[PDB]
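Below is one structure, written out as structure tokens; the observations come after it.
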Amino acid sequence: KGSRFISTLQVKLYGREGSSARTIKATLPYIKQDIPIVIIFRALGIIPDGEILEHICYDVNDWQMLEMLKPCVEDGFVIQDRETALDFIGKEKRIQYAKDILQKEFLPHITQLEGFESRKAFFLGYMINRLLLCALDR
Amino acid sequence: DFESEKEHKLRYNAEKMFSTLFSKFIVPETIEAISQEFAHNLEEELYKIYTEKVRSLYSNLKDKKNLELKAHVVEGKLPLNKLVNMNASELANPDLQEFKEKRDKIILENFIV
Amino acid sequence: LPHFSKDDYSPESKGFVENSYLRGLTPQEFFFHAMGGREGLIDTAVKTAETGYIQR
Amino acid sequence: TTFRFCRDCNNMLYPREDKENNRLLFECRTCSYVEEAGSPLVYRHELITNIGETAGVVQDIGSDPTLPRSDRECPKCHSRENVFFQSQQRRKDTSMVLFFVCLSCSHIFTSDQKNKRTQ
Amino acid sequence: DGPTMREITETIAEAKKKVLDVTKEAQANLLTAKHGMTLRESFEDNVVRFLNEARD
Amino acid sequence: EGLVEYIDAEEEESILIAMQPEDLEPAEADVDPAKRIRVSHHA
Amino acid sequence: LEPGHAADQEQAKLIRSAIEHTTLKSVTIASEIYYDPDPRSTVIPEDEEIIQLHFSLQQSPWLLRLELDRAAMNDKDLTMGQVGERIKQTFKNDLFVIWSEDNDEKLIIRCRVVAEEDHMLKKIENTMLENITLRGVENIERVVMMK
Amino acid sequence: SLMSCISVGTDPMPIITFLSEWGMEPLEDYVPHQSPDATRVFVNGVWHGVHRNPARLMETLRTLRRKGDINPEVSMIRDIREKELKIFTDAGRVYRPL
Ligand SMILES: [Zn+2]
Ligand SMILES: [Zn+2]
């Protein structure tokens, strides 16, 4: 009961079947680039790879799932802490741009306010779960 | 210059393969109902496609020991140079001579439509 | 359909009618007749128009 | 495949070869930590997928009334009261093969007389 | 005529038996999949054949 | 009371329905010809 | 069919697999990468003797082992020697091949090459399956027979 | 259809309140590897958190709907072959009685 904030979110799986590069990216509303899911998780507090990797795989024993997230880590390997993850957007300037967009333009359903970095980035992990799963054919 | 230095090196390496093989084909037709001379007179019986026909003569004949119910039923069936350049498909194991014909009986059936 | 069992490739399941119009079709035998007939109304509108451009 | 992370910073393990001892070592670039090659296997492909046959197998598989109950006798508990579903591998190529998950013990078995799946 | 109408539900029933044949054959992976045909397709293509052979 | 439920189409995915509260309801233990050829109570 | 042999059943039986596009993707179950630093000795036990055969009768530390399906191979009618020489003449002198033969039940084709190779060997398997044509003319798929 | 009628949606909080009171593991403090089998719970497609025993809580929700409590238009479904609960209170669902 508030306008209907039509901020539709895309989560893409780049690279064909022959083009090995299973780099998982995502279209950010306002940041006009398909940011790799690694920069996203790192811009919400989930900085280490293996923590990022646990949000997607609701298991640990699925190598078939983890070999696809494997190049996606390498994709953002250069960026690491939230300070760097928030900069690759659009310092002092994009520091604010990103921060607010994460609350506002990104996954407004669940929370629009602030403090649900966890609830929203856990949802992203579920979004990639069923995404890699369709490429896995199960 | 090093042509027949690779050629005789193969015709004698195949005699060495058939030396340990005509010792395994002998011991199988002995523990259950010289051989190096029966080898160099048969490794010269074929002597590129030469390292291929030999590569094929290697695993197909040294077919043992369940594969030597088809390679033993050939050591006690096949003739001299009149079984030599054969390169048979079913030449493998007693079971492998038939499963190769089992996935062939539907290979013509599915094909014809 | 939700009236069916999960994994039913059965004759009546994947859309077969054993009844004639006389006998009267079953509720299921009737719904499966709706979807198959549905296609025969769409393609009419579509091709009758594309064909129109094809005459032109 | 089997891959681990850094026991200090939790980061992807990157292979680095000790050519002096000719041993593989999976190390974290994000630091200097190294571990040795437990499994000298780096990657497994699997073009022909055989892990997707028993997906969504819960003991509570009998609590989906939608799935129809069996009559086949189980090999370890002999139950003619089980439940079944066609290969949860959404590959179009896959043959319509049955897997009978028991409710008395949940001992899954194939309807197969061609491809035996004991795992 | 009376028995012809009975005979009709014999023709659909015999092909309904020709349906379970393929249904049981497909379950134990004994189905000889044709050239340029999926195993899932192989059963469906044939199961349709006997249903329509008898429909006619 | 619990004599009827309102089912949304995504909720239908775990429900199993019988066509009639009698036609597809009890168990088998003459046969009309012109009458329709329906399935059964099986479930 | 060629003018003369009109009703010859077997003539179409040869042209068929000689025109139908076969890939390495068709005949392969799984392509794995191991770390075998020694050219001669193979730490793989499922290959331990396979080598000792096609060896006796400088080289890469990174092994590229791949399992084959016996039916899918003996479908377009194949030999491990056919597959072997096919790949041999694909990469040529920069990559060397060893394999287990049709007699050997472990349907394997082991491969190596001549600073950095974990990514470079992982690069090869991509071109290997998709681009290595094995039998028949490309694009021309489902070859079906008609009388 | 004659028998069918469309929803105008209801309130999600009496179910938010309920789920938590019956065992809703916080999404904020859920261990994905520790709790693997944990059946994922969504309210109108919004993920709030998980639960350890599904068939148990699933039996409880169903009652309120047939009691009158959980609004009778609300549609809750448990997926077994995926372990999920996309509880709907959504506006504009089409419902048919059985
Ligand atoms: Zn580290
Ligand atoms: Zn049992």
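Ordering of the structure tokens sets the chain letters (A, B, ...), residue numbers begin anew at 1 in every chain, and ligands are numbered from 1 in the order given.
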Please extract the residues of range 37-95 of chain G with a backbone DSSP assignment of helix (DSSP H, G or I) and present them as a PyMOL selection string.
chain G and resi 48-56+70-73+80-91
When you look at residue 5 in chain C with a cut-off of 9 Å (counting only C-alpha atoms), what residues show up, excluding the ones that are within fewer than 3 positions of it in the same chain? I need them as a ChimeraX atom specification.
/C:1-2,8 /D:65-68 /F:16,43
Close residues, residue 81 in chain B itself excluded, 10 Å, only C-alpha atoms, min 4 positions apart in chain, as a PDB file with N, CA, C and O atoms, in the first residue's frame:
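Generated file (selection.pdb):
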ATOM      1  N   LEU B  42      56.521 -64.381 -35.312  1.00  0.00           N
ATOM      2  CA  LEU B  42      55.144 -63.896 -35.451  1.00  0.00           C
ATOM      3  C   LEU B  42      55.040 -62.352 -35.337  1.00  0.00           C
ATOM      4  O   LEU B  42      54.046 -61.777 -35.788  1.00  0.00           O
ATOM      5  N   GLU B  45      55.874 -61.297 -38.549  1.00  0.00           N
ATOM      6  CA  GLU B  45      54.730 -61.724 -39.391  1.00  0.00           C
ATOM      7  C   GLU B  45      53.667 -60.625 -39.668  1.00  0.00           C
ATOM      8  O   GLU B  45      52.592 -60.902 -40.214  1.00  0.00           O
ATOM      9  N   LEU B  46      53.997 -59.387 -39.307  1.00  0.00           N
ATOM     10  CA  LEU B  46      53.240 -58.175 -39.572  1.00  0.00           C
ATOM     11  C   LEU B  46      54.281 -57.218 -40.162  1.00  0.00           C
ATOM     12  O   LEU B  46      54.012 -56.555 -41.165  1.00  0.00           O
ATOM     13  N   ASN B  85      46.975 -60.656 -40.168  1.00  0.00           N
ATOM     14  CA  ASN B  85      46.402 -59.340 -40.459  1.00  0.00           C
ATOM     15  C   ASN B  85      44.849 -59.402 -40.498  1.00  0.00           C
ATOM     16  O   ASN B  85      44.233 -59.024 -41.499  1.00  0.00           O
ATOM     17  N   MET B  86      44.226 -59.878 -39.382  1.00  0.00           N
ATOM     18  CA  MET B  86      42.776 -60.039 -39.194  1.00  0.00           C
ATOM     19  C   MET B  86      42.101 -58.788 -38.615  1.00  0.00           C
ATOM     20  O   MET B  86      41.060 -58.378 -39.133  1.00  0.00           O
TER      21      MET B  86
END
Neighbouring residues of ligand 1 are defined here as those with any atom at most 6 Å from a ligand atom, counting only C-alpha atoms and all ligand atoms; list them as a PyMOL selection string.
chain D and resi 6+8-9+28+30-31+33
Include N, CA and C atoms and write out the residues we just selected as an mmCIF file, in the first residue's frame.
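So the final result, stored in result18.cif, reads:
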data_model
loop_
_atom_site.group_PDB
_atom_site.id
_atom_site.type_symbol
_atom_site.label_atom_id
_atom_site.label_comp_id
_atom_site.auth_asym_id
_atom_site.auth_seq_id
_atom_site.Cartn_x
_atom_site.Cartn_y
_atom_site.Cartn_z
ATOM 1 N N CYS D 6 40.995 -21.474 3.081
ATOM 2 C CA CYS D 6 42.065 -21.126 4.002
ATOM 3 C C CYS D 6 41.670 -21.251 5.451
ATOM 4 N N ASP D 8 42.463 -19.680 7.876
ATOM 5 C CA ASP D 8 42.824 -18.409 8.502
ATOM 6 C C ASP D 8 41.925 -17.294 8.012
ATOM 7 N N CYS D 9 41.605 -17.289 6.707
ATOM 8 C CA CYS D 9 40.790 -16.226 6.142
ATOM 9 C C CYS D 9 39.586 -16.722 5.341
ATOM 10 N N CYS D 28 46.183 -20.568 -0.511
ATOM 11 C CA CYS D 28 45.403 -19.344 -0.504
ATOM 12 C C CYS D 28 46.311 -18.182 -0.896
ATOM 13 N N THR D 30 45.144 -15.099 -1.135
ATOM 14 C CA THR D 30 44.617 -14.060 -0.238
ATOM 15 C C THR D 30 45.481 -13.919 1.008
ATOM 16 N N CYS D 31 46.367 -14.909 1.230
ATOM 17 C CA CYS D 31 47.392 -14.940 2.264
ATOM 18 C C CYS D 31 48.621 -15.724 1.746
ATOM 19 N N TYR D 33 49.016 -19.097 3.370
ATOM 20 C CA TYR D 33 48.651 -20.456 3.824
ATOM 21 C C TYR D 33 48.609 -21.438 2.678
#
Selection near residue 84 in chain A, 10 Å with only C-alpha atoms, sequence-local residues under 5 positions removed, as a CSV table (one decimal) with C-alpha atoms, in the first residue's frame:
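Contents of selection-v5.csv, freshly written:
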chain,number,residue,atom,x,y,z
A,39,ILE,CA,30.9,-7.8,-5.2
A,42,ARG,CA,30.9,-8.3,-0.1
A,43,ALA,CA,28.8,-5.0,-0.2
A,78,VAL,CA,40.4,-8.3,-6.6
A,79,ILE,CA,37.7,-6.5,-4.5
A,89,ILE,CA,29.4,1.3,-8.4
A,91,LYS,CA,34.9,7.3,-3.3
A,95,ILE,CA,30.1,5.4,-1.1
Interface, chain H side, toward chain D (10 Å; only C-alpha atoms) as number ranges by chain
H: 37, 54-55, 78-83
Min atom-atom distance to ligand 2 from the set D:36, D:81, D:93, D:112, counting only C-alpha atoms and all ligand atoms, belongs to D:81
Within 9 Å of residue 55 in chain B, counting only C-alpha atoms, which residues show up once you throw out same-chain ones fewer than 2 positions away? Write them as JSON, numbers by chain, please.
{"B": [50, 51, 52, 53, 57, 58, 59, 60], "G": [53, 54, 57, 81, 101]}
Apply DSSP to the structure's backbone, then extract all residues of chain H labelled strand (DSSP E or B) and return them as a list in words.
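Of chain H, only residues 5, 6, 25, 26, 39, 40, 41, 42, 43, 46, 47, 48, 49, 50, 51, 75, 78, 79, 84, 85, 86, 87, 88, 94, 95, 96 and 97 of chain H fall in strand (DSSP E or B).
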Nearby polymer residues, ligand 2, at most 6 Å, only C-alpha atoms and all ligand atoms, as a PyMOL selection string
chain D and resi 74+76-79+102+105-107
Find the residues in chain E near chain G: any atom within 12 Å counts, using only C-alpha atoms. Write them as a ChimeraX atom specification.
/E:34-38
